[PDB]
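Just so you know, these numbers use all the heavy atoms, side chains as well, and skip hydrogens, waters and symmetry mates. Numbers here simply count residues along the sequence, with the first being 1.
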Amino acid sequence: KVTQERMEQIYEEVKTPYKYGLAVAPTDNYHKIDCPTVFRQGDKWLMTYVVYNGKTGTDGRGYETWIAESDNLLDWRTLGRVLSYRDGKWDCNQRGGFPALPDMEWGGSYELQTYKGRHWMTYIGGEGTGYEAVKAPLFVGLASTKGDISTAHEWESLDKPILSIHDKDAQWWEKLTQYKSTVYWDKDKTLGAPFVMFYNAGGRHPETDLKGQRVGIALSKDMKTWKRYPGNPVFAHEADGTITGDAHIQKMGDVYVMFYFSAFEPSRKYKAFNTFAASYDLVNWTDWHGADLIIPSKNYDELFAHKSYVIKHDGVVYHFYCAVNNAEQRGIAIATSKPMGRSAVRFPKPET
């Protein structure tokens with residue numbers, strides 16, 4: 001267990017009271033933007049994000065992945081697609097990606113690392129139309145490139161998923177559908193392998209029969225073949241339909257810090273929010289006991305303020321999150337540790 005005093009120190013280091021506003025927003029009501037991943041190469045900051053091309057749960061085709069650039073982390077310009085709808089393949093309608101092998105050092109370089117001469121990315125993939133797993137389940141895909149990661153070009157991907165709900169060794173917590181994944185390069189081989197994936201998925205608890213989303217681990221020597229960690233799930237909040245998800249891990253000295261979101265947690269009035277947990281060993285996690293890091297408070301995040309990517313740079317923390325309002329308009333927003341101005345970006349007028 002991480003001590004209460006150490007946890008209070010981590011909170012003071014990571015907190016972001018001041019909301020800048022929207023970073024990337026849709027220009028009409030028939031697109032939704034979510035799932036930021038921020039990294040840098042040389043003189044540019046970069047963000048991948050996912051786009052759903054509908055207003056309701058059933059009118060869009062599904063996810064594609066785009067990329068944007070910035071000089072100051074605050075003002076962003078979209079470049080184009082990096083994963084596009086892929087006709088004839090297992091992931092034809094859902095292609096929602098998360099860059100892999102980030103430098104995990106808190107306040108470090110924020111560069112992506114290479115393995116066998118390529119950059120890597122995992123993704124949410126599937127063949128059903130509509131929003132996420134509404135028409136068919138989602139599985140974990142693998143993509144890579146030898147290209148310039150600061151350019152809008154299509155990354156290459158495999159012709160089957162790397163993990164699936166239909167695998168012989170799939171576990172109870174992942175039987176309904178899989179969701180976000182991130183792969184880390186653990187030089188120490190803490191769990192007996194160089195590549196460690198944290199991912200969330202849906203399933204029912206074998207004791208209580210309660211449905212929810214929970215977080216677990218898979219392991220690989222080569223990025224291609226994966227074994228589930230036998231002690232899964234490693235992090236969960238057990239109440240009916242509660243979601244724990246989108247794990248984002250950074251190393252702060254000798255402790256790992258997991259930024260995560262939860263939704264439909266009965267102990268909170270608001271419906272979705274961000275907070276953190278900590279661990280010395282990647283498996284046993286101590287949950288923060290104090291105020292949540294990001295909660296609904298403004299017009300543009302009044303329903304959900306959720307999902308995390310966190311950058312510490314030149315003495316300022318930037319916390320990227322998905323803002324959803326009561327009209328269900330959806331985009332990416334930013335909060336900071338000190339005031340850095342206010343965004344000029346707005347959602348379009350909502351539909352009546």
Side-chain angles (χ1 to χ4, degrees), residues 2-4 6-17 104 106 171-174 179-182 184 186 190-191 196-206 208 210 212-218 228-268 270 272-297 301 304-312 317 319-322 335 337:
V2 183
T3 58
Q4 291 203 337
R6 186 88 190 256
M7 291 293 288
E8 291 170 14
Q9 292 175 316
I10 295 164
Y11 173 85
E12 301 299 329
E13 179 67 21
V14 306
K15 66 177 192 191
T16 52
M104 299 176 74
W106 172 259
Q171 297 163 322
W172 67 263
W173 68 283
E174 62 172 331
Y179 292 110
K180 176 170 183 175
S181 51
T182 302
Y184 299 99
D186 179 9
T190 315
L191 306 180
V196 177
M197 183 194 290
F198 277 76
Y199 66 116
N200 61 292
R204 34 167 33 88
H205 193 103
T208 62
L210 299 179
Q213 287 181 37
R214 307 167 182 87
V215 170
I217 290 165
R228 280 84 169 166
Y229 175 65
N232 280 336
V234 308
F235 192 61
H237 297 91
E238 297 291 339
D240 191 41
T242 298
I243 291 166
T244 307
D246 291 26
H248 162 53
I249 297 172
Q250 292 193 54
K251 197 162 192 203
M252 196 183 287
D254 67 337
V255 77
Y256 297 96
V257 180
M258 181 198 291
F259 302 94
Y260 73 93
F261 89 93
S262 187
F264 314 118
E265 162 62 49
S267 70
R268 265 75 160 187
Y270 38 86
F273 56 96
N274 290 334
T275 189
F276 74 99
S279 182
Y280 294 111
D281 70 8
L282 298 178
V283 166
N284 300 110
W285 293 94
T286 302
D287 208 2
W288 171 232
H289 58 99
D292 294 320
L293 294 176
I294 304 293
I295 71 171
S297 77
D301 66 16
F304 301 148
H306 74 337
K307 308 182 185 184
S308 296
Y309 211 92
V310 189
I311 298 299
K312 189 178 177 180
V317 185
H319 192 143
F320 293 82
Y321 70 97
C322 177
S337 54

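Residue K180 holds its NZ atom at 5.0 Å from CG of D246, rounded to the nearest 0.5 Å.
Using modelled atom types, one side-chain atom of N232 and one backbone atom of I217 make a donor-acceptor pair closer than 3.5 Å. With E238 contributing its side chain and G212 its backbone, the two residues share no donor-acceptor pair below 3.5 Å.
Nearest heavy atoms, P296 versus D301: CB-O, 3.2 Å. The shortest non-hydrogen separation linking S262 to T242 is OG-CG2, 3.9 Å. Among all heavy-atom pairs drawn from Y321 and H319, the shortest one is CD2-O, 3.7 Å. In plain terms, the two heavy atoms of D292 and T275 that are nearest each other are OD1-CB, 3.6 Å. Annotation for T286 and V2: closest pair OG1-N, 3.1 Å, computed over non-hydrogen atoms. For the residue pair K15 and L293, the shortest heavy atom distance occurs at CA-CD2, 4.3 Å.
Between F198 and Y184, the ring-plane angle classifies as perpendicular under the 30° and 60° cut-offs.
For the pairing with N200, the side chain to side chain donor-acceptor pair (under 3.5 Å) check across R214, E174, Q213 returns one residue only, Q213. In summary, of the residues considered (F264, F259, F261, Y260), a ring-ring contact (aromatic ring centres under 6.0 Å, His included) with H306 occurs for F261 alone.
For the residue pair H248 and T182, no side-chain donor N or O sits within less than 3.5 Å of a side-chain acceptor on the partner.
Here the two rings, on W173 and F235, have centers that are 6.0 Å apart or farther.
Using a 4.0 Å cut-off between a side-chain N of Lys or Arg and a carboxylate O of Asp or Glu, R6 and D254 qualify as a salt bridge.
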